[PDB]
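First up is the structure itself, then whatever we jot down about it.
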Amino acid sequence: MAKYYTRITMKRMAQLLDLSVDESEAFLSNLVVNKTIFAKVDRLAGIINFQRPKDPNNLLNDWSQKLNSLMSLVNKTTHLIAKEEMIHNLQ
Amino acid sequence: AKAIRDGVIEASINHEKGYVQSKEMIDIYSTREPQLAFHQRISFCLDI
Amino acid sequence: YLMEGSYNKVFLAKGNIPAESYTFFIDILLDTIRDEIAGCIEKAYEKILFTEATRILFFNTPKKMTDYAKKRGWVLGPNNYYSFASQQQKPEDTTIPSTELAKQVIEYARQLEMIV
Amino acid sequence: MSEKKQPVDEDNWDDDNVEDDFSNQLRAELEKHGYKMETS
Amino acid sequence: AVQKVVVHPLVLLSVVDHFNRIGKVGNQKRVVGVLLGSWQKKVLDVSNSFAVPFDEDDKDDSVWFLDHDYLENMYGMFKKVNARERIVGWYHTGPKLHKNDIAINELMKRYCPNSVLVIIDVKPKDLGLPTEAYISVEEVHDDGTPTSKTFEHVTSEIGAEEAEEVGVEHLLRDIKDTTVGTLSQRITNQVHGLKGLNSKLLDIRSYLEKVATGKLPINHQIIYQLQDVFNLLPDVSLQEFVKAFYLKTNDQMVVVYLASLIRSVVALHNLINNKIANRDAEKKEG
Amino acid sequence: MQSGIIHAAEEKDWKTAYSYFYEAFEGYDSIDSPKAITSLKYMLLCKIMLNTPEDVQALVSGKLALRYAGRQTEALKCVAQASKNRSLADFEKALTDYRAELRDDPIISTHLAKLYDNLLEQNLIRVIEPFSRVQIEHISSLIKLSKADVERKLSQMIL
Amino acid sequence: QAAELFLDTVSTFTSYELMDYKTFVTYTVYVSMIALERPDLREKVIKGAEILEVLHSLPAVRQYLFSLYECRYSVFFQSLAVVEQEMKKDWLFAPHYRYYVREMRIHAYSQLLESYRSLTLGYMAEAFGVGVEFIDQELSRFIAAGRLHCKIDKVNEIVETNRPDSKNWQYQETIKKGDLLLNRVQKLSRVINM
Amino acid sequence: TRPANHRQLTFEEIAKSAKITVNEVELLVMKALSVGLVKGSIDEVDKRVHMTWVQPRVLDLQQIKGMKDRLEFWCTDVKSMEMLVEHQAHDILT
Numbered sequence: 366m367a368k369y370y371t372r373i374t375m376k377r378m379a380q381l382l383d384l385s386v387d388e389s390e391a392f393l394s395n396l397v398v399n400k401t402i403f404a405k406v407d408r409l410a411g412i413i414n415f416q417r418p419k420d421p422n423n424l425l426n427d428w429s430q431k432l433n434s435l436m437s438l439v440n441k442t443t444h445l446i447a448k449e450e451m452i453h454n455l456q
Numbered sequence: 439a440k441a442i443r444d445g446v447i448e449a450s451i452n453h454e455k456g457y458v459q460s461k462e463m464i465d466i467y468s469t470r471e472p473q474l475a476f477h478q479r480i481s482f483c484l485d486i
Numbered sequence: 235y236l237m238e239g240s241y242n243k244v245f246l247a248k249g250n251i252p253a254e255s256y257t258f259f260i261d262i263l264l265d266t267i268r269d270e271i272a273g274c275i276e277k278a279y280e281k282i283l284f285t286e287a288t289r290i291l292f293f294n295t296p297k298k299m300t301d302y303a304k305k306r307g308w309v310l311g312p313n314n315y316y317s318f319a320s321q322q323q324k325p326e327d328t329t330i331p332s333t334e335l336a337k338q339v340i341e342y343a344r345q346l347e348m349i350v
Numbered sequence: 001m002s003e004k005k006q007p008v009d040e041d042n043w044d045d046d047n048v049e050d051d052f053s054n055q056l057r058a059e060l061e062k063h064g065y066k067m068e069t070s
Numbered sequence: 005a006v007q008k009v010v011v012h013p014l015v016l017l018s019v020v021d022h023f024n025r026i027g028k029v030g031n032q033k034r035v036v037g038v039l040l041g042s043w044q045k046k047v048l049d050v051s052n053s054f055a056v057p058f059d060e061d062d063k064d065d066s067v068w069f070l071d072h073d074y075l076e077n078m079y080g081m082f083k084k085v086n087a088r089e090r091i092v093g094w095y096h097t098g099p100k101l102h103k104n105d106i107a108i109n110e111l112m113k114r115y116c117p118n119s120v121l122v123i124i125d126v127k128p129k130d131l132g133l134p135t136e137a138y139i140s141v142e143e144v145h146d147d148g149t150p151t152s153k154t155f156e157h158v159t160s161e162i163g164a165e166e167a168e169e170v171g172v173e174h175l176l177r178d179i180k181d182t183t184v185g186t187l188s189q190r191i192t193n194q195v196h197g198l199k200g201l202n203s204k205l206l207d208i209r210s211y212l213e214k215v216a217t218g219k220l221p222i223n224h225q226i227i228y229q230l231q232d233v234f235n236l237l238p239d240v241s242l243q244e245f246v247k248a249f250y251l252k253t254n255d256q257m258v259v260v261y262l263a264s265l266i267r268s269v270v271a272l273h274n275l276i277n278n279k280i281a282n283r284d285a286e287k288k289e290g
Numbered sequence: 212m213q214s215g216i217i218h219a220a221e222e223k224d225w226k227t228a229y230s231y232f233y234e235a236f237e238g239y240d241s242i243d244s245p246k247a248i249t250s251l252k253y254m255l256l257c258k259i260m261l262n263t264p265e266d267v268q269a270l271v272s273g274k275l276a277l278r279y280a281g282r283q284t285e286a287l288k289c290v291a292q293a294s295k296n297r298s299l300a301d302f303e304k305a306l307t308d309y310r311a312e313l314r315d316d317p318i319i320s321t322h323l324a325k326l327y328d329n330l331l332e333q334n335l336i337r338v339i340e341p342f343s344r345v346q347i348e349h350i351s352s353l354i355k356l357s358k359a360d361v362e363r364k365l366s367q368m369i370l
Numbered sequence: 196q197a198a199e200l201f202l203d204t205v206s207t208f209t210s211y212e213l214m215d216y217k218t219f220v221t222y223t224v225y226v227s228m229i230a231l232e233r234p235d236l237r238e239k240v241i242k243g244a245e246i247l248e249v250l251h252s253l254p255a256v257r258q259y260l261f262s263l264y265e266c267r268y269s270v271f272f273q274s275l276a277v278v279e280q281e282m283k284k285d286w287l288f289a290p291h292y293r294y295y296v297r298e299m300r301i302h303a304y305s306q307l308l309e310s311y312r313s314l315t316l317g318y319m320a321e322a323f324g325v326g327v328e329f330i331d332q333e334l335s336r337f338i339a340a341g342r343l344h345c346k347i348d349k350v351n352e353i354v355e356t357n358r359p360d361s362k363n364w365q366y367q368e369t370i371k372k373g374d375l376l377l378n379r380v381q382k383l384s385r386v387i388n389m
Numbered sequence: 283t284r285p286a287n288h289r290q291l292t293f294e295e296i297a298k299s300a301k302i303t304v305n306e307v308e309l310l311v312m313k314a315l316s317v318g319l320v321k322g323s324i325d326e327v328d329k330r331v332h333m334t335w336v337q338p339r340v341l342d343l344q345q346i347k348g349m350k351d352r353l354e355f356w357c358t359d360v361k362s363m364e365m366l367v368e369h370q371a372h373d374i375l376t
């Protein structure tokens, strides 16, 4: 749930646990005071979520990571094309 | 109305009711303009 | 009075022309009000019935309100001046700052390292 | 030196900003409270 | 297995002088030679080489010859003069990846396990590095056969050495674009690197020469990567990419404003240091 | 002992005032057991007072205090467990079960309102943690307390 | 800086110039109540016995400190008018008596107002200090003075607050000092070299 | 099929094009993420999923025309931005 769910209600999860929403909050309390699962729950609209910082850094930082992987990716095909031309059009 | 034509204030006047609402436009920090107030002065202090 | 938002006082000066006729000039003063609030009728005017913005300028119900209401928007409706307001498309450009500003960074580096 | 060819003829600034906001407002703001005790 | 290679100017010229001393053949000759060196920490090194005599005729272009007596005696001499130096692979003069270099490496794989080749340039012009090294890799797949020993270009660079920098930088004495301010970045990569992206842009355009006219293999393994390129187009200027950009530019130009602010005060203090040198010298000397 | 009694009565220096009871117990080592076993009280109470609760269990786990076991050192270990787990009724059962030796000394009587505030806000910030916009009725439920005192007390927290 | 030099009040002495030690105590509390925030006030001046026993003889100053710390807002304006009145009639504080209470008012308004978000304007007249139109014109000139971070609604009778970042406010004084020093070195730059 | 404009679909659309009910599509797409043919995120409350990375497929001689056209103006983007560098940055280094 913490891996794949960006944001879920406080009824769908409790339906996936087959128990109370109160017992569900007791389950989500002792793990975030253990801070082994980071979550920011709600009890007015029940809109609870996982792994939500603000990130002033990792947007453009991971964007630059996509830049580096991008330039490596266009670096990959470039020397791959030439030999493929050479196994048809050498002599 | 000429303060919107001059653009002094942005938000709407409830001309039917009578009140003048105004939005809360904050975070001018994420604008091009403090870099503009810089850029007026960067080249200036380079010139001096 | 034409400088600030004084409008009805201008029509009071159209109630007081003391020197002589001044008619040829107050009719161009008519027209320069006509395009004025024909232009600034387009503001954040959330909904107005066919009374207020109707009788501020000159015209109650001739088809001059069809001339403005069909020249521009503010469409003739169920006692309704339609407030259309998008104001959404033109922001959110980094590219024009990434062109002009990329020019200006080089304009920094010219008078930073190169002797003149 | 210091000639001026003539063709024609802290202690203060933070105080002056106090004058800038509170130029002429509530000078003797001492009894208005006791005058608002009965009106408010 | 191999990370990258290290190439020296000594071996780099040491192909070229041999190309000159065979330069009287005129018609056609590739300069095949034995590449010598080490590799440590999985980092390939090339320090020395020589060139084996080699001839090859165009008709039945699969008839190659390496004088292994010339291999063994001269490598024995080089081991004798330097036991640290050893074999590292081979090389050829490499205009455009000759065909016998599928089994030259197989002919002398019994000397080096990663018997590497090096393609060089004899007519030096590009906007990059005219130094190349492949590696021998065989991988049976689901769209061919067994013997799939194709060559894969391990990344390459010209490595330096404290011994050779003295004599090499003596051998320039000509032009040297030092005084690294911002200009070295601005020119070696902001001018030059964009034209580096020009050619890699242009190479898939040269492959795109198969729409109805080019060679027979259509797609299979070319389009997953390009599909990952156009998949990997970056984020547009609307979502939050604007906001953190104006945020951090809005932080960077602060520090720029500080440094530019102080620099003028420095030069002003120096001007005071010069007018004291003026006013108490004009009266003193006369 | 009384070099730490008055310094604890002014609450100025729990470190050196702790050290006076430590030196008092080291002087009371194996020659005066009734003063030694009450000298454990004024150091471990000064340590829970110091809000370092684990070192109480580190000291009584030491073999010097394994000799001097008793009811009152367990009455300190339960308080150390109470401020260890950071909850109010955990301490209220500790006063309730061991009231005969906890609620016995005239200065020990006047240490529990401030500890009640420290533990009140301690379990408070324990429970306030996991969430977003919330109700005060649910926090009065989960604390099991009123809404006016929690509302004013949390207002004292944000103020 | 004045309270920071008035930090000790222990090594300070029964002076020739402040022959009342307690007048020195009144001075350091009057400068401390602006000079430091709640954490400092909630440890330093509230727990000091050496500072406590000297305002122990002070009936008003002990009240005037505790009316602010104990959220006694209505009498705080009364004792505020007292101390401001004597400060108006005081040497060395008569240069800045208007500067004092214009910071005291916005300080208390910051204190109460930075607790809640939806507290209405009519709540504050009876529990805070009388005069609805006074709170009207008083907060209006402070939001209009560009401080006191909130945004008041009028014709539904509710006061709303926000929270700003430490960016644009911290940006502001930087462009102030930058323009100030630019004026300085520009002016001197024309002073030297003719 | 969906462009890089959005490439964000909803469980109503999954229940339309796969005609499978509302309380199975989450298990389906979590199974898809567990296999790893697709890489994306799951929002529950807005009933949408931000699918990012897809398993790459094959294509004919017609899609290379579209990739040709997307290559085409991407060339002159590099030309157009680089010409500012050559023109404006000329006097720094000849």
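Chains as they are written, first to last, in UniProt numbering: chain A, 366 to 456; chain B, 439 to 486; chain C, 235 to 350; chain D, 1 to 9, 40 to 70; chain E, 5 to 290; chain F, 212 to 370; chain G, 196 to 389; chain H, 283 to 376.
The C-beta atom is built at its ideal place from N, Cα and C for all residues, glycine as well.
Reduced DSSP category for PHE284/C - H, G, I as helix; E, B as strand; rest coil: DSSP places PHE284/C in coil when its eight states are reduced to three.
Residues of chain H with CB closer than 7 Å to the CB of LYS337/C, please, in chain order. Contact annotation for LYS337/C against chain H: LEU366 and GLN370 [CB-CB distance below 7 Å, chain order].
Residues of its chain near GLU143/E, where Cβ-Cβ distance is below 6 Å and the 5 sequence neighbours each way are ignored
Annotation for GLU143/E: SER152 place their beta carbon closer than 6 Å to its own, counting only its chain and skipping 5 residues before and after.
Discussion item. Any C-beta of chain B within less than 7 Å: which residues of the region 245-275 of chain E qualify?
Written reply: So the list reads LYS247, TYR250, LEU251, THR253, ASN254, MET257, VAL260, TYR261, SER264, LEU265 and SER268, given in the order they occur along the chain.
Quick test of your reading: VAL10/E and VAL50/E, contact by CB under 8 Å. State the CB separation rounded to the nearest angstrom. Contact holds; Cβ gap of about 6 Å.
At a Cβ cut of 8 Å, what residues of the region 297-316 of chain H count as close to chain A, listed as they run along the chain? So the list reads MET312 and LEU315, given in the order they occur along the chain.
- Pull up the CB-CB distance for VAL15/E and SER53/E, whole angstroms please, since I reckon it's below 8 Å. Yes, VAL15/E and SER53/E are in contact; Cβ-Cβ is about 5 Å, under 8 Å.
For a contact defined as C-beta to C-beta under 7 Å, what are the partners of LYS277/C on chain B?
The contacting residues are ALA439 and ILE442.
Alpha carbon to alpha carbon, what distance is there between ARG297/G and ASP51/D?
Going by the C-alpha atoms only, they are around 10 Å apart.
Exercise for review: Pull out every residue of the region 44-59 of chain D whose Cβ sits closer than 8 Å to any Cβ of chain G, in chain order.
Suggested key: Across the region 44-59 of chain D, CB contacts with chain G closer than 8 Å involve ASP44, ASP45, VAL48, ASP51, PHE52, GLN55 and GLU59, in sequence order along the chain.
Where does the unbroken alpha helix (DSSP H) through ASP73/E begin, and where does it stop?
Per DSSP, the continuous alpha helix (DSSP H) segment holding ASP73/E begins and ends at 72-85.
Q.
With the cut-off set at 8 Å, would you say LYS441/A and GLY411/A are in Cβ contact?
A. Not in contact: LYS441/A and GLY411/A (Cβ atoms no closer than 8 Å).
- Query: By the criterion of Cβ-Cβ separation under 7 Å, what are the contact partners of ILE480/B in chain G?
  - Reply: Those within 7 Å of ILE480/B in chain G number zero; the least Cβ separation is about 11 Å.
*Measuring CA to CA, which of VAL20/E, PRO13/E, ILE108/E and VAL92/E is closest to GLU60/E?*
Of the candidates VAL20/E, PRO13/E, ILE108/E and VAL92/E, the one whose C-alpha sits nearest the C-alpha of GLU60/E is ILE108/E.
* Just tell me which of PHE288/G, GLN365/G and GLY317/G has its CA closest to the CA of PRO472/B. => It is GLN365/G.
Q. Going straight from the alpha carbon of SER385/A to that of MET378/A, what length do you get?
A. Taking the straight line from one Cα to the other gives about 10 Å.
- Query: So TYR259/G and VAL240/G are in contact, right, with Cβ under 8 Å, and what is the actual spacing, rounded?
  - Reply: Rounded, the Cβ-Cβ distance is 12 Å, inconsistent with contact.
(message) Which of the three DSSP states is assigned to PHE155/E in this structure?
(response) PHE155/E: strand per DSSP, three-state reduction.
- Would you check if the distance between the CB atom of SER119/E and the CB atom of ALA137/E is smaller than 8 Å? The Cβ atoms of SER119/E and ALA137/E lie no closer than 8 Å to each other.
So within the UniProt domain "MPN" (9-144) of chain E, which uninterrupted beta strand (DSSP E) runs reach at least 3 residues, ignoring any that extend past its ends? Fully enclosed beta strand (DSSP E) runs of no fewer than 3 residues occupy 37-40, 91-95 and 140-142 of the UniProt domain "MPN" (9-144) of chain E, in order along the chain.
Mind reading off the beta-carbon distance from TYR279/F to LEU251/F? Whole number of angstroms is fine, and I expect it under 8 Å. Between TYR279/F and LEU251/F, the beta carbon gap of about 7 Å places them in contact (Cβ cut-off 8 Å).
- Query: Cβ atoms of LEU40/E and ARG90/E: under 8 Å apart, would you say?
  - Reply: By the CB criterion at 8 Å, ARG90/E and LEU40/E fall inside the cutoff.
| When you check each C-beta in the region 175-187 of chain E against every C-beta of chain C, which residues fall closer than 7 Å? | Contact annotation: in the region 175-187 of chain E, residues whose CB is within less than 7 Å of a CB in chain C are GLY185, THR186 and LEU187.
Are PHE201/G and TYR216/G closer than 8 Å when you measure CB to CB?
No, Cβ-Cβ distance for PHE201/G and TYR216/G is not below 8 Å.
Which residues, in order along the region 324-343 of chain G, keep a beta-carbon less than 9 Å from a beta-carbon of chain B? Taking 9 Å as the upper bound on Cβ-Cβ separation, chain B lies near no residue of the region 324-343 of chain G.
Original post:
Contact check, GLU368/H vs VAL195/E under 8 Å by CB: the rounded distance?
Top reply: Contact holds; Cβ gap of about 7 Å.
Same chain, Cβ closer than 8 Å to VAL338/F, neighbours up to 5 away in sequence not counted: Correct list, in chain order: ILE350, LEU353 and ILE354.
How about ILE302/H and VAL311/H: do their beta carbons lie closer than 8 Å? Taking the C-beta atoms as reference points, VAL311/H is found no nearer than 8 Å to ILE302/H.
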